[PDB]
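In what follows, chains are A, B, ... by sequence order, proteins preceding strands, each numbered from 1. Values reported hereafter were calculated over all heavy atoms of this structure, with side chains retained and with hydrogens, waters and symmetry mates removed.
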Amino acid sequence: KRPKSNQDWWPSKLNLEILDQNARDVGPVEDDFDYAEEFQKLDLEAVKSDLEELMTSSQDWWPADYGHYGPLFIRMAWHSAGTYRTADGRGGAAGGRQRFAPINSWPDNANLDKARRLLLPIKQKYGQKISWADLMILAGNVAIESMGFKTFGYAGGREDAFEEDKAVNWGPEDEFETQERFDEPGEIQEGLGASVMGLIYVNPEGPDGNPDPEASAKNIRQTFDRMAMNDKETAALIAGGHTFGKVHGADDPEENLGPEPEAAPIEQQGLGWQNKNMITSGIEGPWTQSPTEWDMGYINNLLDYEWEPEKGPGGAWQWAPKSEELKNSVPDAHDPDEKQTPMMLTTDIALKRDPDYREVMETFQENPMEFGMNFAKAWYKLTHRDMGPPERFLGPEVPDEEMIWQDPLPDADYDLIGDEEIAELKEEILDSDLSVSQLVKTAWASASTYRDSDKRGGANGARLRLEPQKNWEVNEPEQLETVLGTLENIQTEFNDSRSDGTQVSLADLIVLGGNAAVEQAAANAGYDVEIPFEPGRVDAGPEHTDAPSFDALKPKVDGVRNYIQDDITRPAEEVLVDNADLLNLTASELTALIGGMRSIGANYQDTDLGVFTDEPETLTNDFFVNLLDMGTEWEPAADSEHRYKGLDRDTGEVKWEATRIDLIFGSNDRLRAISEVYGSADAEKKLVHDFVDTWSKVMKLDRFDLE
Amino acid sequence: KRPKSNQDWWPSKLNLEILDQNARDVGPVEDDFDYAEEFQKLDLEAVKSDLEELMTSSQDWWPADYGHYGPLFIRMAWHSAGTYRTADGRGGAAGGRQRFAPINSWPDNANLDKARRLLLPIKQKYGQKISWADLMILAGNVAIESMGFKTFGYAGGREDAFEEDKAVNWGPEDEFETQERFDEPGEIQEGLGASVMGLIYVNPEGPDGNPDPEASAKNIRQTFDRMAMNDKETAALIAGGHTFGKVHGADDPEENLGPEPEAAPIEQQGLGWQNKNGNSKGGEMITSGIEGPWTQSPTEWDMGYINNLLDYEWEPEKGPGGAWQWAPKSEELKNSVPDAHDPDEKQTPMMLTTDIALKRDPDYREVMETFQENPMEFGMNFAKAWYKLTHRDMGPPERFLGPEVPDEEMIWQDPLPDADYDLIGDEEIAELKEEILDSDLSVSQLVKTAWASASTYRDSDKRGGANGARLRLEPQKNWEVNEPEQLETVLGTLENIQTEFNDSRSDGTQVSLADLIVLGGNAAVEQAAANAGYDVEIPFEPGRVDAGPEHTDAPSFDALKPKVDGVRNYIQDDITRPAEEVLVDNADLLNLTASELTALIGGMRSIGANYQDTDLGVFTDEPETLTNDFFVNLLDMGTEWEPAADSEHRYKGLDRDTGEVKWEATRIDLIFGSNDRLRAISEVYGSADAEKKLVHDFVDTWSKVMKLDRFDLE
Ligand code: HEM
Ligand code: HEM
Ligand SMILES: [Cl-]
Ligand SMILES: [Cl-]
Ligand SMILES: [Cl-]
Ligand SMILES: [Cl-]
Ligand SMILES: [Cl-]
Ligand SMILES: [Cl-]
Ligand SMILES: [Cl-]
Ligand SMILES: [Cl-]
Ligand SMILES: [Cl-]
Ligand SMILES: [Cl-]
Ligand SMILES: [Cl-]
Ligand SMILES: [Cl-]
Ligand SMILES: [Cl-]
Ligand SMILES: [Cl-]
Ligand SMILES: [Cl-]
Ligand SMILES: [Cl-]
């Protein structure tokens, strides 16, 4: 049958598999392959030309509605990007993961297996020059353009994944199309981007399957907010999207559709939902009179007529006009000698019955140009929000205008410091009254916000000094101000002492200071190490920063600083591993980082938690040696939720204090094996260098400008 | 809280994670680190000295029975190697995986967490010079040696793993210490080495917990047989092992022992089974739930076990741990053993149902009788069996390192003869390939034969491979999958070439059939690539030798016979699992990643090397021409697939429009267009710019498989 996994035997076993994913890139792509360079070779217009032809090239295994695949591709592209959550930046269209389980078999992605299959020929034709990820979004753009609407822009650069992202927790439910995440609409469990397991954002029929538009609006507003969209963007996206195509529900899905892709027979070759006798959502009908043309049909139909809920031919909730003025005003999608009546979903009526969405819809209807621009910009934002800063956007269709949601960075209008200035500045920093701990902590506070999921955060920009980061509890505002003030004076003095047009950013000084401190700690232990350093980081201002959007990067747990927000729901070590994944760390790198860090001591509020050493600020393997010493016995700290005491097994002496973050490295079976290596007699030099390599890696995660 | 795995949503989803494990090595060890070289720097004698010293250096957190940890360490080493299965060669001590879940938390490994912990100081002291895997076995040897019994030998070389082997299926049970693998004793589901989930071999109390000695012997015999041991070896091992130590069951473990390691509190730091009364209490120690020593002198090698077992009558009873155990019917042995911890107390010997089984079983009894009559014979058999037990998963002699490796090579090591001649050079290699290609052998024949030779290798216990050319010997020469008659013809032609090459040499150069089989396969592949317009040169290294029947334990190779073969699209009409699942299972033994397996099969189908020369999966109108036709045609939506009528494994590729039968295939071929991840790989190779990449990736995988057993070149 199949081996039983350890997680099956022990549900609470640390989920290290998410870090293992950072230890290797599955798939056949060569390590030295550069997608950006390959995409640069692509003739984008040629791909777009082929996509446009495909729009009206119906394939017999999935006949195009109205003879135009446009709407289907738009839904496909929207769903690809629609799984994004601002909480951890996971989900999204960047890896084209809609192609892998579980996403490929989610109920909401029914028949998109066919949409993706239609693009196979074009994918094969251009090969590595265009990823599935880039292609699916481009397909959506061409669909929109071919139907009479100009897009705001397009960027390539999304590298294809070859498996699912194991780190994404899609929710607590054990069944698709069920919800155990909200009791009241608009009160969805934190950290989730949808209101139902297996859906993109919300239930099209209404919350809990009840056709209550006002209530639906509350889940619509919250889920979209959790996907970085406000009221105008949300209304424009829904109305813009539903200006095209139709919903499919000729009959009930539960009884007429075969198994989803992952559960379908091998002969179906990746396809699923085989019709036993089109049925997709189970809801049936077009929103507008001309489903393949951009116009004001959706907004006018919604606002100018009265709608009432009913059960459609698929047994699902949908709305019909009270009058018969729109009766059979739409041509059937396939039967040339037949017609249909427009329909509205509960989620569409929501935009009309919610007072705030209604104001936006009224404004859009009165001025089509405003409706258009809002949709154009929101579609661009939707499909590029997980791609990171402007440097990563590739191709001839990238707009000249950089949007605030890209977390743009100013240009460094000055010459960068050379090897001589660098060494100079490093001594100047170590010459200041700043301690090794202050420098390391500050460099970490700056770089640690980066998350590889949507490429946001990092030391470039020195946003640590701006709102909201400068005031985050974890960053110890008052302590932080002291360090930045000192580094700022060093920057000022240096920039003034220059005459050759050279300047240094505060962003670089923070990282350089961190490097200098680590090299010092290593020196204190008898090791001579040179940490790679590359200048070029710039100082972003508040004008390059959407402050509220950065709250999403605020940590509840920080291993390096041994900070644990006394409010977390999951065990601290689980959040630690979750966070480590965003920094692209393997279990070994995480171990080396935390262990090495504890010998230096850079804890929040300067606690001694996990600092198992008699010589702080001295990079050694003391953390592991003392952690593994059986002469010490550990016990939970009295009246504490995360702290432990390390007592001498014999004399009873309280030798150390620690958190679960520290102790997991001596408890988890795999982490302990790594700890034993670093805690060995002739392994300190290795630990020092592995710590240095990981430190350097994190400091450079957001350096897309150097790629 | 944690993400739900795809396996949870779809229990039947292909387990590609076992191949992903081959795509990288977790842990902090550098890729260029060579353990063999590091182990050579080790002062083995120095380590053994510290081990012997540790034996009698009792730690208070886990007091040593009778003041000697020896017996505990023997059990530890025995259990480490005891998980081995001949079926797939998985399990065993080579990776020291007893340290990782699920094995580290099996009920049968209770308190071995304490045993391994005692070795930590020594492990840290020598660092990379000695692996946990080598150390645990060495600890067992030193324990035995320190207690009056010299060992047959010892070899280092076991590289530590940093995680469990995800490919090992330990059984159907969903609960430890429960069995759903056998109705009648001795009829255990094939493929499993134990009779109960979470146990090394069998239930110490007897089958299904019933104290039935005769029934127990049936499972003991079958489980040990599946671990490569016969009657004599089995009785020698059990009798030899139980000559030392005691069983612990001061009270019921079910209510007096804390959670196993994986479920234990973080402050336990890797340990588990916390005793309610305290692990410090030697007299309250609980492990199996069974209590008492086997002999009067638990820390001394002697005939105590065999004598107590045979010379007295034993009867069933419930011990203080609430488990079945046997006591002397008389009182001649009453309080004949000193208490393991109380200086002023005595204890009475006990026997397990499994021990009594050796006396009740007619055949086991005969062996035990002979052992009792010949103490020297008992020692001889136990010494060799202990050596075999602890080294059976290390592969051929070339891999055994250290000064304690016996000069004598054992048959179970699958020994190889030395090549008494100079190996062929660049010129000869070139001449031989042309000669082979000049013969009347086709590309398909050459490729098929080279695969039949190399594909038997399995990285689990490192048995098999093309070195030795055992393909030409029993039992492989007659394996159905190898098409005996067809094979004979190819080998005859290759042997004729070997003959003319060897006879034409004026120097001391000769070539082995083993090398010619691989050389011919390489030549055929290069030829197929050339037919496609690609000039490739496959890496080749001579040196393989031709092993004889004297170097081969024929019956033992039966375990390497495949039920499925992807390269040859062979599917035995008996398999229980879907063919693609066996395919992946087998790919893992060859250390392949999902991408390598895909390139291999896809590329292979353009060559066409199928069993019985069928056209299954051969999606190309130009066989023996290495291209990406397989992927291009498999992915073409113009083709629709369906199960073949009245067929157990065949499927038909029909023209969606005309209905014409374009191709025929098996699940081995179609899984690459069905599974979400494999399909992503197929799409890459099936693209207009990837044929060259496919060719080179195919070549790299072919070359990799051909060289898997070349330990002689390491
Ligand atoms: C409150 C959020 C929304 C809900 C609940 C929702 C839901 C639905 C449902 C149930 C269907 C029909 C699937 C089927 O039976 O074929 C559909 C289709 C469609 N959606 Fe939406 N949607 C939302 C937002 C969006 C957005 C943001 C866009 C893109 C800018 C878009 C685009 C489309 C298009 C073009 C179709 C037509 C597909 C076709 O003709 O095959 N939708 N939607
Ligand atoms: C049919 C197979 C066997 C069964 C069912 C079995 C069973 C058991 C049980 C239940 C225990 C006690 C665990 C405990 O409470 O502490 C134990 C221990 C022991 N076993 Fe066996 N065993 C088998 C074979 C073997 C072999 C093959 C060896 C090694 C050559 C070995 C050697 C030992 C030693 C040295 C001890 C004593 C550990 C100590 O003092 O702490 N056993 N066994
Ligand atoms: Cl299992
Ligand atoms: Cl792979
Ligand atoms: Cl590549
Ligand atoms: Cl994802
Ligand atoms: Cl909802
Ligand atoms: Cl619901
Ligand atoms: Cl209305
Ligand atoms: Cl940032
Ligand atoms: Cl600010
Ligand atoms: Cl702001
Ligand atoms: Cl963290
Ligand atoms: Cl790792
Ligand atoms: Cl999940
Ligand atoms: Cl190393
Ligand atoms: Cl294993
Ligand atoms: Cl196979």
**Q** Looking only at side chains, do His384(A) and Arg158(A) share a donor and an acceptor under 3.5 Å apart?
**A**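 Checked: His384(A)/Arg158(A) side chains pair up, N/O donor to acceptor below 3.5 Å.
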**Q** Do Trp294(A) and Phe371(A) have ring centroids that are under 6.0 Å from one another?
**A**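 Under 6.0 Å, so yes.
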**Q** Does a side-chain heavy-atom distance below 4.5 Å link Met637(B) with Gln59(A)?
**A**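 A side-chain contact is absent here, since even the closest heavy-atom pair is not under 4.5 Å.
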**Q** Between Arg99(A) (side chain only) and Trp132(A) (backbone N and O only), is there a donor and an acceptor less than 3.5 Å apart?
**A**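 No, because the side chain of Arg99(A) does not come within donor-acceptor range (under 3.5 Å) of the backbone of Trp132(A).
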**Q** With side chain to side chain contact (heavy atoms under 4.5 Å, CB included) as the test, pick out the partner of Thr234(A) among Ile238(A), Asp231(A), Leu237(A).
**A**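 Filter result, single survivor: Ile238(A).
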**Q** Is there a donor-acceptor contact under 3.5 Å from the side chain of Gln222(A) to the main chain of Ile188(A)?
**A**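 Answer holds: yes.
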**Q** Backbone N or O of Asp212(A) within a donor-acceptor pair of the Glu214(A) side chain at under 3.5 Å?
**A**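 Side chain of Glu214(A) to backbone of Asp212(A): no pair is present.
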**Q** Does the side chain of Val196(A) reach to within under 4.5 Å of the side chain of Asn219(A), using non-hydrogen atoms?
**A**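 Of all side-chain heavy-atom pairs linking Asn219(A) with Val196(A), none is under 4.5 Å.
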**Q** Between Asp546(A) and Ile404(A) (side chain of the first, backbone of the second, donor and acceptor by atom type, cut-off under 3.5 Å), is there such a pair?
**A**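 Side chain of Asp546(A) to backbone of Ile404(A), a donor-acceptor pair under 3.5 Å: no, none is there.
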**Q** Under a 4.5 Å cut-off applied to non-hydrogen side-chain atoms, are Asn300(A) and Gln365(A) in contact?
**A**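 Contact flag for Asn300(A)/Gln365(A) side chains = yes.
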**Q** Looking at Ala46(A), is its backbone amide N or carbonyl O close enough to the side chain of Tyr126(A) to form a donor-acceptor pair, meaning the two atoms are under 3.5 Å apart?
**A**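 It does hold such a pair.
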**Q** For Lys218(A), I'd like to know if atom NZ has over 12 heavy atoms of other residues, nucleotides or ligands within 6.0 Å.
**A**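 12 or below, so no.
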**Q** Kindly assign one of parallel, tilted or perpendicular to the pair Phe149(A) and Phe375(A), based on the angle between their ring planes and the thresholds 30° and 60°.
**A**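 Geometry flag for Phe375(A) against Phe149(A): tilted rings.
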**Q** Considering residues, nucleotides and ligands other than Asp335(A), do more than 12 of their heavy atoms fall under 6.0 Å from its CG?
**A**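 Yes, CG of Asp335(A) has more than 12 neighbouring heavy atoms, counting only those of other groups under 6.0 Å.
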**Q** Are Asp454(A) and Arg385(A) within salt-bridge range, i.e. N to O under 4.0 Å?
**A**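 Salt bridge absent between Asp454(A) and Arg385(A).
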**Q** Classify the side-chain pair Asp160(A)/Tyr35(A) by whether it contains a donor and acceptor separated by less than 3.5 Å.
**A**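 There is no such pair between these side chains.
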**Q** Hey, could you give me the NZ/CH2 distance between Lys352(A) and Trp307(A), rounded to the nearest 0.5 Å?
**A**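 Rounded to the nearest 0.5 Å, the NZ-CH2 separation comes out at 8.5 Å.
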**Q** So, taking the atom named CD in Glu391(A) and the one named CG in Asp702(A), what distance separates them when rounded to the nearest 0.5 Å?
**A**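 Between atom CD of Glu391(A) and atom CG of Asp702(A) there are 11.5 Å.
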**Q** Tell me if a side-chain donor or acceptor on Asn141(A) pairs with a main-chain N or O of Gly153(A) at a distance below 3.5 Å.
**A**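 Looks like yes, one N/O pair under 3.5 Å.
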**Q** What do you reckon, is CD of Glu324(A) surrounded by more than 12 foreign heavy atoms closer than 6.0 Å?
**A**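 Incorrect, the count does not exceed 12.
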**Q** Please report the interatomic distance CD(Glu145(A)) to CD(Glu52(A)), rounded to the nearest 0.5 Å.
**A**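 Answer for the CD-CD pair, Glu145(A) versus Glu52(A), is 8.5 Å.
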**Q** State whether the number of non-hydrogen atoms from other residues, nucleotides or ligands found under 6.0 Å of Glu467(A) atom CD is greater than 12.
**A**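 Yes, CD of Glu467(A) has more than 12 neighbouring heavy atoms, counting only those of other groups under 6.0 Å.
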**Q** Roughly how far, to the nearest 0.5 Å, is CE of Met344(A) from CG of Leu351(A)?
**A**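 Spacing of CG (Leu351(A)) from CE (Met344(A)) equals 9.5 Å.
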**Q** Kindly give the heavy-atom pair with the smallest separation between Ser329(A) and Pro342(A), and that separation in Å.
**A**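 For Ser329(A) versus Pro342(A), the nearest heavy atoms are OG-CD, 3.4 Å.
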**Q** Do other residues, nucleotides or ligands put more than 12 heavy atoms under 6.0 Å from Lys339(A) NZ?
**A**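 Not buried by this count: 12 neighbours or fewer within 6.0 Å.
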**Q** Any chance you could lay out the salt bridge (charged side-chain N to carboxylate O under 4.0 Å, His left out) test for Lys125(A) and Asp50(A), step after step, and finish with the verdict?
**A** CA-CA 10 Å; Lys125(A) 181 177 176 181; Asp50(A) 287 332; 2.8 Å; yes
**Q** Please identify which of these residues, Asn109(A), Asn111(A), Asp108(A), meets the side chain to side chain donor-acceptor pair (under 3.5 Å) condition with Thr280(A).
**A**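 For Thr280(A), the side chain to side chain donor-acceptor pair (under 3.5 Å) check succeeds only for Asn111(A).
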**Q** Please determine whether a side-chain nitrogen of the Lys or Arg among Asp165(A) and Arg97(A) lies less than 4.0 Å from a carboxylate oxygen of the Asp or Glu.
**A**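 Not counted as a salt bridge, because no side-chain N and carboxylate O are separated by less than 4.0 Å.
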**Q** Answer yes or no: does atom CG of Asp183(A) have more than 12 heavy-atom neighbours from other residues, nucleotides or ligands under 6.0 Å?
**A**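 No.
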**Q** When you compare the side chain of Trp62(A) with that of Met278(A), does any pair of heavy atoms fall below 4.5 Å?
**A**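 Side chain of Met278(A) against side chain of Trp62(A), heavy atoms only: contact under 4.5 Å found.
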**Q** Which heavy atom of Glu401(A) sits nearest to which heavy atom of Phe152(A), and what is that distance?
**A**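 That would be OE1-CZ, 3.6 Å.
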**Q** Of all heavy-atom pairs between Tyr380(A) and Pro399(A), which one has the smallest distance, and what is that distance?
**A**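 Reported closest heavy-atom pair: OH-CD, 3.1 Å.
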**Q** Is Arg85(A) close to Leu192(A) at the side-chain level, that is, under 4.5 Å between some pair of heavy atoms?
**A**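 They are in contact (side-chain heavy atoms under 4.5 Å apart), so the answer is yes.
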**Q** Drop me the distance from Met76(A)'s CE to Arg116(A)'s CZ, to the nearest 0.5 angstrom.
**A**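 So the gap between those two atoms works out to 8.5 Å.
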**Q** What heavy-atom pair brings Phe73(A) and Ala139(A) nearest, and what distance separates the two atoms?
**A**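 Smallest heavy-atom distance, with atoms named: CB-O, 4.0 Å.
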**Q** When you check the gap from the basic side-chain N to the acidic O, do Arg221(A) and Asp354(A) get nearer than 4.0 Å?
**A**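 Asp354(A) and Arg221(A): salt-bridged.
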**Q** Taking atom types as modelled and ignoring hydrogens, do the side chains of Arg456(A) and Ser549(A) form a donor-acceptor contact shorter than 3.5 angstrom?
**A**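 Distance-only check passes for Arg456(A) and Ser549(A).
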**Q** Looking at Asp113(A) and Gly272(A), would you say the former's side chain and the latter's main chain have a donor-acceptor pair under 3.5 Å?
**A**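 Checked: pair present.
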**Q** Of the non-hydrogen atoms in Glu164(A) and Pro102(A), which two are nearest, and what is the gap between them?
**A**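 Looking at all heavy atoms of both residues, the closest pair is CB-CD, 4.5 Å.
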**Q** Measure the spacing between CD of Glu37(A) and CG of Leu394(A) and express it to the nearest 0.5 Å.
**A**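 Between atom CD of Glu37(A) and atom CG of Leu394(A) there are 10.5 Å.
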**Q** I'd like to know if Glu683(B) and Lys123(A) make a salt bridge, using a cut-off of under 4.0 Å between side-chain N and carboxylate O.
**A**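 No.
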**Q** Using atom types as modelled, flag every donor-acceptor pair under 3.5 Å from a side chain in residues 312-319 of chain A to any protein atom, sequence neighbours excluded.
**A**
{"from": "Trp317(A)", "atom 1": "NE1", "to": "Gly209(A)", "atom 2": "O", "distance (Å)": "3.1"}
{"from": "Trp319(A)", "atom 1": "NE1", "to": "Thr346(A)", "atom 2": "OG1", "distance (Å)": "3.0"}

**Q** Could you check whether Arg358(A) pairs with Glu362(A) (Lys NZ or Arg NE/NH1/NH2 to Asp/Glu carboxylate O, under 4.0 Å)?
**A**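 So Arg358(A) pairs with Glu362(A) through a salt bridge.
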**Q** Verify, without hydrogens or angle tests, whether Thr288(A) (side chain) and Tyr298(A) (backbone) share a donor-acceptor contact under 3.5 angstrom.
**A**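 No, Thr288(A) side chain to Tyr298(A) backbone: no donor-acceptor pair under 3.5 Å.
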**Q** For the pair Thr56(A) (side chain) and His68(A) (backbone), establish whether a donor and an acceptor sit closer than 3.5 Å, ignoring hydrogens and angles.
**A**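 No; zero donor-acceptor contacts below 3.5 Å.
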**Q** Does any part of the side chain of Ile122(A), heavy atoms only, come nearer than 4.5 Å to the side chain of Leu54(A), both counted from C-beta?
**A**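 A side-chain contact under 4.5 Å exists here.
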**Q** Can you tell me if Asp295(A) and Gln289(A) form a side-chain donor-acceptor pair at under 3.5 Å?
**A**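 No - no donor-acceptor pair under 3.5 Å links their side chains.
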**Q** Looking at side-chain heavy atoms only, is the closest gap between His334(A) and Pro63(A) below 4.5 Å?
**A**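 Yes - at least one pair of side-chain heavy atoms lies under 4.5 Å apart.
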**Q** Quick check: closest heavy atoms across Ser80(A) and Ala93(A), and the distance to 0.1 Å?
**A**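 Smallest heavy-atom distance, with atoms named: OG-CB, 3.1 Å.
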**Q** Would you mind reporting whether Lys48(A) and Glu397(A) have side-chain heavy atoms less than 4.5 Å apart?
**A**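 They are in contact (side-chain heavy atoms under 4.5 Å apart), so the answer is yes.
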**Q** So, the side chain of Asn256(A) versus the backbone of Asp252(A): is there a donor-acceptor pair under 3.5 Å, distance only?
**A**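 Flag set: sc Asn256(A) to bb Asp252(A) pair under 3.5 Å.
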**Q** Are there over 12 heavy-atom neighbours, none belonging to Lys377(A), within less than 6.0 Å of that residue's NZ?
**A**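 No.
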